[PDB]
Structures are given as C-alpha cells and as structure tokens.
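Taking it in order: structure first as structure tokens, then the write-up.
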Amino acid sequence: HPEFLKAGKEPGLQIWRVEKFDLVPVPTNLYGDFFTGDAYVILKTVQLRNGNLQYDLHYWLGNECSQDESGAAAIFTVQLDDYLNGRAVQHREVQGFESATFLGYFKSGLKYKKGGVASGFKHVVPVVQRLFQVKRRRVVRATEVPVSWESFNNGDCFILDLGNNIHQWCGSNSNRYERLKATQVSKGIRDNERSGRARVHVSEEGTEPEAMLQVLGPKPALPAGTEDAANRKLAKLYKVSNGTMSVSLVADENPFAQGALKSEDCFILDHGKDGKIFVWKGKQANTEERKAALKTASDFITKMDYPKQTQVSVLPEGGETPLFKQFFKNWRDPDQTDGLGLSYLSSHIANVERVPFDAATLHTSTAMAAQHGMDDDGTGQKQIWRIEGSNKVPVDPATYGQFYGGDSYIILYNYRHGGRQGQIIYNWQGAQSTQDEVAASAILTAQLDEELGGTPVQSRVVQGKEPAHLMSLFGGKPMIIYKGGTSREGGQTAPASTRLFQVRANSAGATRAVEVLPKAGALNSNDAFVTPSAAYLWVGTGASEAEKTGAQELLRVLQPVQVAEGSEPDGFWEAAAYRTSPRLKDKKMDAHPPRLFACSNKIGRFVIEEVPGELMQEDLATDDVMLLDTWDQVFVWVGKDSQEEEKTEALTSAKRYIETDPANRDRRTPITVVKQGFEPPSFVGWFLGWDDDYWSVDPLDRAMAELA
C-alpha cells in the first residue's frame with residue numbers, strides 16, 4: 001500500500017509507471033508518453049451521474065517490456081482493484097492495440113518512445129534529437145524511429161524534434177487530413193514539453209529547411225505506405241471452472257440469454273475473431289478465482305491460439321459495460337429501473353448535459369434535438385406522395401397520417417429549427433408493399449433529393465419501426481398504420497374480420513397506431529391498444545395520457561368501451577405471455593451510447609473502424625463517409641470529397657453495418673442519410689462545440705498558421 005490513497009478519490013485521470021516493482025506517477029503535462037520497455041497503470045475516474053465514482057483500470061504493456069515488469073504491473077492492477085472494492089473494470093492494453101475506451105482518453109494522441117527503466121531513462125521535464133512517425137488515421141500514433149532517411153516514406157508524416165525547433169515533414173502521397181492529425185502531436189511537444197517556447201517548422205518534400213538536412217544529409221528517393229470484413233456477428237460464451245484450466249461452453253449463438261450468468265461462476269465471452277474477450281466475475285465465485293481473473297483470461301487466449309495482443313476486459317457483476325450487454329437478448333438489469341444512470345456510463349458521454357424534452361424550447365438547443373430525435377415540432381409544410389406503379393401520386397390530403405402496408409409513400413418536409421432551416425425526405429416502405437413499388441419508392445426518393453439540390457436529408461423507414469420525429473407531423477393527430485391495404489384510387493377493398501392495434505407514444509407526446517395481429521403475445525403493458533360486436537380500449541399498466549387520447553382519435557374515425565388491465569371482460573380473452581418489462585426511454589442513451597464509425601467498401605470486403613473518445617466535429621473527414629449510430633437510428637454522414645461510389649453506397653453501407661452488428665439488431669431500424677454541411681439538428685446536437693463555419697476554411701489550413 002504505497003500511495004493508493006493518493007488517487008481514485010477525485011474524478012479524473014491518473015497514470016503511474018512500474019519502475020523496479022513500484023508505482024511512480026507520470027508528470028501531469030506528459031500523459032500520453034509511454035516507453036516501449038516499461039509498463040504503466042492507468043485509472044480513469046468518471047462521476048457516475050448521481051454522486052458515485054466509477055473506475056476503469058487499464059495497465060499498458062510495451063513491446064520491449066520485461067516479463068518481470070508486465071507481471072509487476074499486472075500485480076498492481078489486481079491489488080488496486082481490491083483496494084477499490086472490486087467494482088472497477090480492468091483492461092489489458094498492449095502497444096498498438098489499445099481498446100476503444102482507452103484511446104478516448106488522449107485527444108492529442110499517444111507517443112511511443114524507445115527506452116525504459118532497464119536502459120536508464122526517466123520522465124524529465126527541464127538537448128534533444130528525436131524522430132517520430134505518424135501513420136494510419138483517426139488513431140493518432142507517433143512512434144520513435146531511428147534518426148535517418150531510412151525511416152521515411154511518402155504516405156506518412158514525420159516529426160523531427162530538435163529542441164528549440166520542431167520540424168514537421170509530410171510525404172507527397174500523404175493526405176490533407178493526416179497532415180492535420182500530425183499537427184496535434186507537434187503542438188503537444190511545443191506546448192507540453194517546452195512550456196510553449198519552441199518554433200514548429202513544417203515542410204514537404206524538396207522544401208526541407210536547412211537545419212533538417214544537416215542532421216540527415218541529402219534526401220534520396222522514398223517509397224510509399226501501405227495499410228476486416230464482417231467477422232464480428234458471431235461470438236461464443238463459455239463457463240470457467242477452476243491451474244488446470246477447464247472451460248465449458250454455455251451457448252454458441254451470438255444472441256445470448258442473460259439467464260446463463262450464474263453468480264457462483266466466472267465466464268469468458270469469446271469475441272477473439274474481432275480481437276476482444278471479456279471476463280465476467282460472478283458475486284459468488286471464490287476469492288482465488290476472481291483474483292486470478294487476469295491470468296485466467298490469458299490462458300484462454302493461449303488455448304484458443306488467439307493473437308497475444310487480443311484485448312481483455314474484466315467486468316464485476318452489476319458493472320457490465322454497454323458493449324458487453326449488447327450480446328444478450330434485451331438486457332434487463334434487476335434493481336436499476338429508477339435512479340440516475342445505469343450500471344456504466346461510457347466515458348465519452350459523462351460530460352453530456354441530460355436535457356428533458358420541452359416542446360416550447362426545441363428551436364434553440366440542438367442538443368435536445370439529438371437526445372430525442374426531433375429536428376423540430378413536426379408542424380412545417382409537408383407534401384406526401386404515394387407510389388403507384390412507377391411514379392409518385394399525391395395522397396388524399398384529408399387522409400394525411402394514414403399509411404397502408406401495401407403502398408409506399410414519399411414525404412417531403414420543411415423543418416424550421418434555430419436560425420435557418422432545411423428539408424427531410426421520408427420514404428415509408430410498407431411491410432406488405434410489393435417488390436416493385438418499394439424499390440421504385442427509394443429510386444424516386446433519391447431522385448427527389450437530386451432535383452431538390454442534393455441537400456435534403458433522406459431517411460428510409462420500414463413499417464413498424466417509425467422514428468420518434470415522424471409521429472408528430474400531423475399536429476396531435478396520431479399516425480395510423482394499417483397492416484395491409486392501399487389508398488390507391490378505388491383500390492380499397494374491405495377490412496378484415498377483426499384487427500387489433502397498438503398505440504405507442506413518444507417523448508414528444510404524439511402517438512402512432514400500428515395494426516398488429518389479434519393475439520395475446522402482442523400485448524404490451526407500456527402501450528395502449530385498440531370485433532364485430534364493439535370496441536375495447538385497453539390501457540396497460542404503463543399506459544400514459546398520450547396513448548389514451550390517441551386511442552380515442554382512432555375511435556373517432558371508426559365507439560369505445562374502456563377497460564383496464566387485469567380486470568378484463570369474459571368474452572375479452574377470446575383473442576399467452578405478453579411483454580411486461582418497460583421500455584428504456586430517458587436512460588436508453590445510457591444503455592446504448594452513441595458511437596461514430598468510418599466505413600469503406602473496398603474490394604468485396606466491408607471494413608469499419610470506430611473512432612473513440614468524445615464526439616468531435618473535427619473527426620468528420622471530408623473525404624470519408626461516417627456512421628453516427630444512435631440506438632433508434634443510424635445516421636450516415638457523407639463527406640463532400642468522398643468517392644463517388646461510396647456516395648451512392650450510403651444506404652448499402654448502413655445495411656451491411658446493421659446486419660453484422662452482434663446485437664442481432666432490428667432489421668427495420670431506420671437509416672438516415674445526411675450530406676456534409678447540411679446536418680439536421682438531431683445530428684449536430686451530439687457534437688458539443690460545433691462551428692458552422694468549421695468547414696468554411698479548410699481544416700488543415702486553419703491549424704497551419706493558427707499556431708505559427
């Protein structure tokens with residue numbers, strides 16, 4: 001117990017360096033520097049909504065790390081977790097393969113230095129001659145390399161640190177985004193390592209300053225640089241049983257069952273294909289078992305021949321991360337219904353001010369728009385079309401808000417939010433609409449975007465999973481969705497014998513009534529529901545005010561007999577287990593934090609990489625195409641300079657993204673295409689610190705002269 005009590009009490013970040021079996025704190029102004037030969041320990045403390053403290057324990061192993069040092073650091077992580085009541089999540093991070101949560105801690109990026117305690121090097125603050133290489137993308141990574149032209153190439157950027165003068169050099173085949181990320185590193189050296197007293201000089205090939213050539217000599221010819229699939233839909237779950245390692249498989253299908261987690265045992269979730277494995281500590285497992293949680297997982301990596309660098313995570317029961325919970329069918333946590341937050345608050349959203357919905361103030365806070373999926377109140381001018389054969393036919397204006405599953409509709413809406421305003425194109429593909437009209441609806445949808453100036457937001461929605469914003473476009477009138485039918489002229493035939501509806505309300509108070517099958521299992525305590533005899537207005541336990549008044553407007557167009565749940569008439573159950581667990585609502589954001597991705601459809605292999613940390617507008621590369629994943633929605637940000645193929649692949653990429661998501665995601669999840677510079681409020685609202693004029697001047701040219 002050296003200086004455990006010095007850290008873990010105030011919310012923040014704390015880093016130590018294992019030096020001869022001892023914890024040595026790293027200078028505050030040096031976090032991000034790590035020696036290839038040493039091992040570090042990191043403690044992330046975030047304020048858990050109400051007033052609690054949540055701990056994330058990472059220990060970091062360099063490449064040139066001695067076996068005695070890795071264990072030394074690995075030992076501390078266990079004893080520290082013990083000192084913090086085992087309620088901390090533990091992480092094994094290896095150089096170059098740090099977890100998404102870990103990378104999010106370092107905005108400026110990481111520096112990998114050559115040296116360590118074994119070679120007698122420290123973290124000094126008060127003459128230098130170093131060379132760094134910054135390659136790849138999104139993840140800033142600067143590795144120290146031999147000081148010679150032998151380390152250079154065209155596709156990457158390099159930094160030559162000389163003390164008073166930092167020289168930045170970018171190859172000819174580099175990109176104007178990578179050069180920007182490298183600027184962050186140079187600022188970190190000029191500001192943090194010199195107390196601001198240094199001249200950062202930049203150059204490109206052929207234009208290298210004199211000081212740079214004097215140490216390297218002449219620049220010869222330099223080469224270029226080089227750098228998957230959807231292999232993360234399936235994962236396996238095992239039970240660990242005891243030196244002699246004994247694992248027993250518990251389930252093979254990725255959509256898991258929460259019940260198989262028994263508190264007396266420990267389990268390992270195998271996602272090694274994607275390079276991650278989890279370790280779950282039950283509350284009733286013996287102490288030696290839970291204290292060997294690290295070395296137990298490491299043996300599993302060996303028994304399966306997974307790469308040594310595979311990420312590891314140890315989760316105590318009741319403190320499961322949102323990534324871990326999504327592997328199970330509808331995670332229902334026991335005593336966490338009321339009260340602020342849930343089991344875990346992702347580090348990149350602990351800073352977001354939770355705003356409740358207030359319709360009177362929506363046209364001011366873009367943050368509220370994003371948090372509730374409402375761009376505005378849904379009262380602007382709206383023009384709807386119905387897909388008849390191979391063109392759009394304007395729908396009966398008095399029937400606005402009625403949609404038949406056998407048709408397909410196109411809705412052009414003009415939303416006014418804040419100062420300016422824009423347009424959103426909604427394509428409603430009915431569940432029973434024929435194959436031709438569905439595809440023709442989406443083609444005419446994309447055409448409508450083209451002839452409108454290529455600016456409005458395209459949003460494809462399937463019958464049954466309509467977004468929250470869509471329900472509130474007809475005033476208080478509820479959106480009604482018939483199962484089968486058609487509003488085509490004279491096409492209406494006759495209704496069915498007896499159908500039953502479910503009236504679900506949103507955060508906005510408006511409601512939608514969707515036709516469903518008349519069976520018992522389709523009953524929901526949270527939602528309201530609506531025979532040749534009469535009509536029953538059944539109100540579930542969770543039924544609120546919106547879906548009761550919505551259920552009378554449904555009755556107004558076609559007489560009521562109100563009846564509450566549990567006490568139903570005798571000839572009423574003339575229609576099994578229904579759903580009783582409630583819906584997430586305000587804390588849905590807690591359980592499913594928003595994540596941002598970059599995607600590419602290169603040579604028959606779809607590849608995505610998650611960008612970590614807090615949502616920063618700067619991470620939206622103009623030539624990339626990004627995925628902003630809410631839970632109810634999947635945004636697609638299309639960079640203006642993206643390839644013409646990926647521009648049109650916007651829909652297909654999101655589809656591929658969802659089909660392969662391990663959560664067995666809802667196949668009808670709405671997908672929303674957004675163009676660069678025309679982001680609706682529900683998209684910009686997630687980026688605290690959004691500058692409209694950010695793209696006005698090129699992002700690379702800004703930071704260029706911004707700091708000399």
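Here's how to read the names in the structure tokens: chain A, B, ... by the order shown, residue numbers from 1 in each chain, ligand numbers from 1 in the order shown.
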All strand (DSSP E or B) residues (DSSP, backbone) inside segment 493-687 of chain A, as a ChimeraX atom specification: /A:500-505,511-516,524,528-529,537-539,562-564,579,595-602,605-611,625-629,634-638,671-675
For the selection you just gave me, I'd like the residues written to a file as a short mmCIF file (atom, residue, chain, number, x, y, z; two decimals), in the first residue's frame, keeping N, CA and C atoms.
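Listed below is the output, out_35.cif:
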```
data_model
loop_
_atom_site.label_atom_id
_atom_site.label_comp_id
_atom_site.auth_asym_id
_atom_site.auth_seq_id
_atom_site.Cartn_x
_atom_site.Cartn_y
_atom_site.Cartn_z
N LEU A 500 -56.51 -5.72 -34.45
CA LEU A 500 -56.19 -5.08 -33.19
C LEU A 500 -54.96 -4.20 -33.36
N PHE A 501 -54.98 -3.04 -32.71
CA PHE A 501 -53.95 -2.03 -32.87
C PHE A 501 -53.19 -1.82 -31.57
N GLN A 502 -51.97 -1.30 -31.71
CA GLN A 502 -51.15 -0.88 -30.58
C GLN A 502 -50.80 0.59 -30.75
N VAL A 503 -51.08 1.38 -29.72
CA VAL A 503 -50.90 2.83 -29.76
C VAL A 503 -49.70 3.15 -28.87
N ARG A 504 -48.55 3.39 -29.50
CA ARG A 504 -47.31 3.69 -28.79
C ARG A 504 -47.03 5.18 -28.88
N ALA A 505 -46.67 5.78 -27.75
CA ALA A 505 -46.37 7.20 -27.67
C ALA A 505 -44.86 7.41 -27.60
N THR A 511 -48.46 10.29 -30.95
CA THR A 511 -48.53 8.84 -30.87
C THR A 511 -48.78 8.25 -32.25
N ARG A 512 -48.48 6.96 -32.37
CA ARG A 512 -48.68 6.22 -33.61
C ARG A 512 -49.47 4.95 -33.30
N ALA A 513 -50.40 4.61 -34.19
CA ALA A 513 -51.24 3.43 -34.05
C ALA A 513 -50.96 2.50 -35.22
N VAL A 514 -50.35 1.35 -34.93
CA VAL A 514 -49.94 0.39 -35.95
C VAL A 514 -50.80 -0.86 -35.81
N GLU A 515 -51.32 -1.34 -36.93
CA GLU A 515 -52.11 -2.57 -36.92
C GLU A 515 -51.22 -3.78 -36.67
N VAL A 516 -51.64 -4.64 -35.75
CA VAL A 516 -50.90 -5.84 -35.40
C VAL A 516 -51.87 -7.02 -35.37
N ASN A 524 -48.64 -5.20 -24.66
CA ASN A 524 -47.53 -4.52 -24.01
C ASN A 524 -48.07 -3.64 -22.90
N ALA A 528 -50.80 1.48 -25.07
CA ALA A 528 -52.24 1.31 -25.18
C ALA A 528 -52.58 0.54 -26.45
N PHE A 529 -53.75 -0.09 -26.43
CA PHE A 529 -54.21 -0.92 -27.53
C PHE A 529 -55.66 -0.60 -27.86
N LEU A 537 -61.07 -0.47 -25.46
CA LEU A 537 -59.95 0.45 -25.28
C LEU A 537 -59.20 0.00 -24.02
N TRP A 538 -58.19 -0.84 -24.22
CA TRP A 538 -57.45 -1.45 -23.13
C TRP A 538 -56.24 -0.59 -22.78
N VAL A 539 -56.08 -0.28 -21.50
CA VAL A 539 -54.99 0.55 -21.01
C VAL A 539 -54.09 -0.30 -20.12
N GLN A 562 -64.20 1.39 -22.61
CA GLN A 562 -62.93 1.43 -21.89
C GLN A 562 -62.83 0.29 -20.89
N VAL A 563 -61.64 -0.30 -20.79
CA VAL A 563 -61.38 -1.42 -19.89
C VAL A 563 -59.90 -1.41 -19.52
N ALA A 564 -59.61 -1.61 -18.23
CA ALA A 564 -58.24 -1.59 -17.74
C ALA A 564 -57.66 -3.00 -17.70
N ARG A 579 -45.53 -8.98 -23.26
CA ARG A 579 -44.39 -8.26 -22.73
C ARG A 579 -44.81 -7.36 -21.57
N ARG A 595 -22.24 5.94 -30.93
CA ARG A 595 -20.90 5.66 -31.42
C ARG A 595 -20.76 6.13 -32.86
N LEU A 596 -19.54 6.52 -33.22
CA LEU A 596 -19.23 7.02 -34.55
C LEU A 596 -18.22 6.10 -35.21
N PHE A 597 -18.43 5.81 -36.50
CA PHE A 597 -17.59 4.90 -37.26
C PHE A 597 -17.14 5.57 -38.55
N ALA A 598 -16.13 4.96 -39.16
CA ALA A 598 -15.75 5.22 -40.54
C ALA A 598 -15.80 3.90 -41.29
N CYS A 599 -16.29 3.93 -42.53
CA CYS A 599 -16.53 2.71 -43.29
C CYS A 599 -15.97 2.84 -44.70
N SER A 600 -15.65 1.68 -45.28
CA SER A 600 -15.15 1.61 -46.65
C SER A 600 -15.58 0.29 -47.25
N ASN A 601 -16.02 0.34 -48.50
CA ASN A 601 -16.43 -0.85 -49.25
C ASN A 601 -15.41 -1.11 -50.35
N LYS A 602 -14.24 -1.58 -49.94
CA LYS A 602 -13.10 -1.75 -50.83
C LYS A 602 -12.90 -3.23 -51.15
N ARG A 605 -14.89 -6.37 -49.48
CA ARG A 605 -14.69 -6.51 -48.04
C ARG A 605 -15.10 -5.22 -47.36
N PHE A 606 -16.21 -5.26 -46.61
CA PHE A 606 -16.70 -4.10 -45.88
C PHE A 606 -15.95 -3.98 -44.56
N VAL A 607 -15.31 -2.84 -44.33
CA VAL A 607 -14.49 -2.63 -43.14
C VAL A 607 -14.94 -1.36 -42.44
N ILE A 608 -15.06 -1.43 -41.11
CA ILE A 608 -15.43 -0.29 -40.29
C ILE A 608 -14.44 -0.16 -39.14
N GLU A 609 -14.15 1.08 -38.75
CA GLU A 609 -13.31 1.37 -37.60
C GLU A 609 -14.01 2.40 -36.73
N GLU A 610 -14.12 2.11 -35.44
CA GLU A 610 -14.73 3.05 -34.51
C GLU A 610 -13.72 4.12 -34.11
N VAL A 611 -14.16 5.37 -34.14
CA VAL A 611 -13.36 6.48 -33.63
C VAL A 611 -13.72 6.67 -32.16
N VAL A 625 -16.76 8.68 -45.31
CA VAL A 625 -18.19 8.58 -45.04
C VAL A 625 -18.35 7.91 -43.69
N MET A 626 -19.03 8.59 -42.77
CA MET A 626 -19.10 8.17 -41.38
C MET A 626 -20.48 7.62 -41.04
N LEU A 627 -20.53 6.89 -39.93
CA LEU A 627 -21.77 6.32 -39.40
C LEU A 627 -21.93 6.81 -37.96
N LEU A 628 -22.94 7.64 -37.72
CA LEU A 628 -23.31 8.04 -36.37
C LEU A 628 -24.46 7.14 -35.92
N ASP A 629 -24.16 6.20 -35.03
CA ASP A 629 -25.11 5.18 -34.60
C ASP A 629 -25.76 5.61 -33.29
N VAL A 634 -29.62 5.28 -37.28
CA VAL A 634 -28.24 5.16 -37.75
C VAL A 634 -28.01 6.27 -38.77
N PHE A 635 -27.36 7.35 -38.35
CA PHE A 635 -27.02 8.42 -39.28
C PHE A 635 -25.91 7.97 -40.22
N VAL A 636 -25.87 8.60 -41.40
CA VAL A 636 -24.81 8.40 -42.38
C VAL A 636 -24.36 9.77 -42.84
N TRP A 637 -23.17 10.18 -42.41
CA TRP A 637 -22.60 11.46 -42.82
C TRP A 637 -21.73 11.23 -44.05
N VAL A 638 -22.09 11.88 -45.16
CA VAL A 638 -21.44 11.67 -46.45
C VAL A 638 -20.51 12.85 -46.70
N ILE A 671 -32.78 4.25 -41.28
CA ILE A 671 -31.46 4.72 -41.70
C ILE A 671 -31.63 6.12 -42.28
N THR A 672 -30.74 7.03 -41.88
CA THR A 672 -30.86 8.44 -42.23
C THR A 672 -29.57 8.90 -42.90
N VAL A 673 -29.67 9.31 -44.16
CA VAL A 673 -28.53 9.85 -44.91
C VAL A 673 -28.46 11.35 -44.67
N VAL A 674 -27.25 11.85 -44.42
CA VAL A 674 -27.01 13.27 -44.19
C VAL A 674 -25.81 13.71 -45.03
N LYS A 675 -25.94 14.85 -45.69
CA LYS A 675 -24.88 15.41 -46.51
C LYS A 675 -24.00 16.35 -45.68
#
```
Spatial neighbours of segment 9-20 of chain A, 9 Å, only C-alpha atoms, chain gap at least 2 places, as a ChimeraX atom specification: /A:5-7,22-28,31,34,38-47,53-54,68-70,72-73,76,105,116-118
Distance criterion (only C-alpha atoms): nearest to residue 300 of chain A out of A:668, A:136, A:281, A:276: A:276
Selected residue, from A:75, A:211, A:140, A:561, that lies nearest to residue 533 of chain A when counting only C-alpha atoms: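 That would be A:561, the residue with the smallest distance to residue 533 of chain A.
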Atom-to-atom span, atom CA of residue 445 of chain A and atom CA of residue 472 of chain A, Å: 21.1 Å
Residue set, segment 395-514 of chain A restricted to alpha helix (DSSP H), as a list in words: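 Reading the DSSP output for segment 395-514 of chain A, alpha helix (DSSP H) covers residues 435, 436, 437, 438, 439, 440, 441, 442, 443, 444, 445, 446, 447, 448, 449, 450 and 451 of chain A.
Put simply, atom CA of residue 525 of chain A is 21.5 Å away from atom CA of residue 463 of chain A.
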Among listed residues A:171, A:100, A:477, A:176, nearest residue 379 of chain A (using only C-alpha atoms):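 Using only C-alpha atoms, the shortest distance to residue 379 of chain A belongs to A:477.
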From A:615, A:382, A:414, A:32, residue lying nearest residue 352 of chain A [only C-alpha atoms]: A:615
For residue 356 of chain A: contacts at 12 Å, only C-alpha atoms, fewer than 6 positions along chain excluded, given as a PyMOL selection string: chain A and resi 362+365+367-372+507-508+585-587
For residue 345 of chain A: contacts at 10 Å, only C-alpha atoms, fewer than 3 positions along chain excluded, given as a list in words: residues 46, 47, 48, 49, 54, 319, 321, 322, 341, 342, 348, 349, 350, 589, 590, 591, 592 and 593 of chain A
Selected residues written out with N, CA, C and O atoms, as an mmCIF file, in the first residue's frame:
```cif
data_model
loop_
_atom_site.group_PDB
_atom_site.id
_atom_site.type_symbol
_atom_site.label_atom_id
_atom_site.label_comp_id
_atom_site.auth_asym_id
_atom_site.auth_seq_id
_atom_site.Cartn_x
_atom_site.Cartn_y
_atom_site.Cartn_z
ATOM 1 N N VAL A 46 -14.682 8.562 -13.437
ATOM 2 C CA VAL A 46 -15.745 9.382 -14.001
ATOM 3 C C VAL A 46 -16.877 9.474 -12.990
ATOM 4 O O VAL A 46 -17.208 8.490 -12.319
ATOM 5 N N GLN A 47 -17.471 10.660 -12.882
ATOM 6 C CA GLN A 47 -18.549 10.881 -11.926
ATOM 7 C C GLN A 47 -19.816 10.191 -12.416
ATOM 8 O O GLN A 47 -20.326 10.505 -13.497
ATOM 9 N N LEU A 48 -20.325 9.250 -11.618
ATOM 10 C CA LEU A 48 -21.436 8.392 -12.033
ATOM 11 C C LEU A 48 -22.759 9.111 -11.778
ATOM 12 O O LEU A 48 -23.487 8.834 -10.823
ATOM 13 N N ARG A 49 -23.060 10.064 -12.662
ATOM 14 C CA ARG A 49 -24.364 10.715 -12.721
ATOM 15 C C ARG A 49 -24.801 11.327 -11.394
ATOM 16 O O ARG A 49 -24.789 12.552 -11.239
ATOM 17 N N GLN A 54 -16.992 5.887 -10.658
ATOM 18 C CA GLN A 54 -16.786 4.704 -11.480
ATOM 19 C C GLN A 54 -15.325 4.640 -11.899
ATOM 20 O O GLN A 54 -14.762 5.642 -12.352
ATOM 21 N N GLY A 319 -21.691 -4.257 -13.008
ATOM 22 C CA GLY A 319 -20.927 -3.181 -13.601
ATOM 23 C C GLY A 319 -20.541 -3.470 -15.039
ATOM 24 O O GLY A 319 -19.450 -3.104 -15.481
ATOM 25 N N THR A 321 -20.256 -3.275 -19.015
ATOM 26 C CA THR A 321 -20.186 -2.203 -19.995
ATOM 27 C C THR A 321 -21.300 -2.355 -21.033
ATOM 28 O O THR A 321 -21.848 -3.445 -21.212
ATOM 29 N N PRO A 322 -21.658 -1.270 -21.735
ATOM 30 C CA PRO A 322 -22.717 -1.394 -22.752
ATOM 31 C C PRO A 322 -22.330 -2.278 -23.924
ATOM 32 O O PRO A 322 -23.205 -2.940 -24.496
ATOM 33 N N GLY A 341 -28.905 7.169 -14.242
ATOM 34 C CA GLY A 341 -27.934 6.343 -14.928
ATOM 35 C C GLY A 341 -28.179 4.849 -14.766
ATOM 36 O O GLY A 341 -29.186 4.399 -14.216
ATOM 37 N N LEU A 342 -27.226 4.077 -15.277
ATOM 38 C CA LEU A 342 -27.282 2.619 -15.214
ATOM 39 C C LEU A 342 -25.963 2.077 -14.670
ATOM 40 O O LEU A 342 -25.180 2.781 -14.017
ATOM 41 N N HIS A 348 -17.149 8.714 -22.819
ATOM 42 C CA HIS A 348 -17.324 9.763 -23.813
ATOM 43 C C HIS A 348 -18.681 10.455 -23.735
ATOM 44 O O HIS A 348 -18.952 11.326 -24.567
ATOM 45 N N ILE A 349 -19.540 10.098 -22.775
ATOM 46 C CA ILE A 349 -20.816 10.780 -22.585
ATOM 47 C C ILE A 349 -21.042 11.230 -21.151
ATOM 48 O O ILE A 349 -22.106 11.775 -20.849
ATOM 49 N N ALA A 350 -20.076 11.028 -20.250
ATOM 50 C CA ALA A 350 -20.211 11.532 -18.887
ATOM 51 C C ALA A 350 -20.277 13.052 -18.830
ATOM 52 O O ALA A 350 -20.620 13.603 -17.778
ATOM 53 N N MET A 589 -30.259 6.235 -23.689
ATOM 54 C CA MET A 589 -28.952 6.758 -24.073
ATOM 55 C C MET A 589 -27.847 6.181 -23.193
ATOM 56 O O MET A 589 -26.739 5.917 -23.673
ATOM 57 N N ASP A 590 -28.135 5.969 -21.907
ATOM 58 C CA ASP A 590 -27.148 5.373 -21.010
ATOM 59 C C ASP A 590 -26.810 3.950 -21.435
ATOM 60 O O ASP A 590 -25.635 3.575 -21.516
ATOM 61 N N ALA A 591 -27.836 3.139 -21.709
ATOM 62 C CA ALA A 591 -27.608 1.734 -22.027
ATOM 63 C C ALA A 591 -27.005 1.552 -23.412
ATOM 64 O O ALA A 591 -26.301 0.564 -23.654
ATOM 65 N N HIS A 592 -27.269 2.477 -24.332
ATOM 66 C CA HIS A 592 -26.797 2.384 -25.713
ATOM 67 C C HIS A 592 -26.199 3.726 -26.107
ATOM 68 O O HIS A 592 -26.856 4.546 -26.762
ATOM 69 N N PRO A 593 -24.947 3.985 -25.720
ATOM 70 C CA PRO A 593 -24.348 5.280 -26.029
ATOM 71 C C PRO A 593 -24.138 5.436 -27.510
ATOM 72 O O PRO A 593 -23.985 4.443 -28.253
#
```
Contacts of segment 239-250 of chain A within 8 Å, only C-alpha atoms, excl. fewer than 4 positions in-chain, as a PyMOL selection string: chain A and resi 260+265-268+289+296+299
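Compared by their closest atoms to residue 652 of chain A, and using only C-alpha atoms, the residues A:441, A:114, A:396, A:460 rank with A:460 nearest.
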Which residue of A:543, A:471, A:440, A:323 approaches residue 346 of chain A most closely, using only C-alpha atoms: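 Nearest candidate to residue 346 of chain A out of A:543, A:471, A:440, A:323: A:323.
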Contacts of residue 221 of chain A at 10 Å (only C-alpha atoms; same-chain gap of 3+ positions) as a list in words: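 My list of contacting residues is residues 149, 152, 153, 154 and 218 of chain A.
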Resulting file, chosen residues, N, CA and C atoms, as a PDB file, in the first residue's frame:
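And here is the file that came out, out36.pdb:
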```
ATOM      1  N   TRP A 149      16.949   9.023 -42.979  1.00  0.00           N
ATOM      2  CA  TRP A 149      16.001   8.919 -44.083  1.00  0.00           C
ATOM      3  C   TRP A 149      15.466   7.501 -44.252  1.00  0.00           C
ATOM      4  N   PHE A 152      11.693   7.021 -43.620  1.00  0.00           N
ATOM      5  CA  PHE A 152      10.721   7.870 -44.291  1.00  0.00           C
ATOM      6  C   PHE A 152       9.975   7.120 -45.391  1.00  0.00           C
ATOM      7  N   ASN A 153       8.874   7.728 -45.828  1.00  0.00           N
ATOM      8  CA  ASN A 153       8.094   7.278 -46.975  1.00  0.00           C
ATOM      9  C   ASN A 153       7.146   8.410 -47.353  1.00  0.00           C
ATOM     10  N   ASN A 154       6.438   8.223 -48.471  1.00  0.00           N
ATOM     11  CA  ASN A 154       5.592   9.289 -48.997  1.00  0.00           C
ATOM     12  C   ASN A 154       4.217   9.336 -48.346  1.00  0.00           C
ATOM     13  N   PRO A 218      21.458  14.369 -47.587  1.00  0.00           N
ATOM     14  CA  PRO A 218      20.538  14.545 -48.713  1.00  0.00           C
ATOM     15  C   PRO A 218      19.371  13.576 -48.650  1.00  0.00           C
TER      16      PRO A 218
END
```
Separation of atom CA of residue 630 of chain A from atom CA of residue 416 of chain A in Å: 22.5 Å
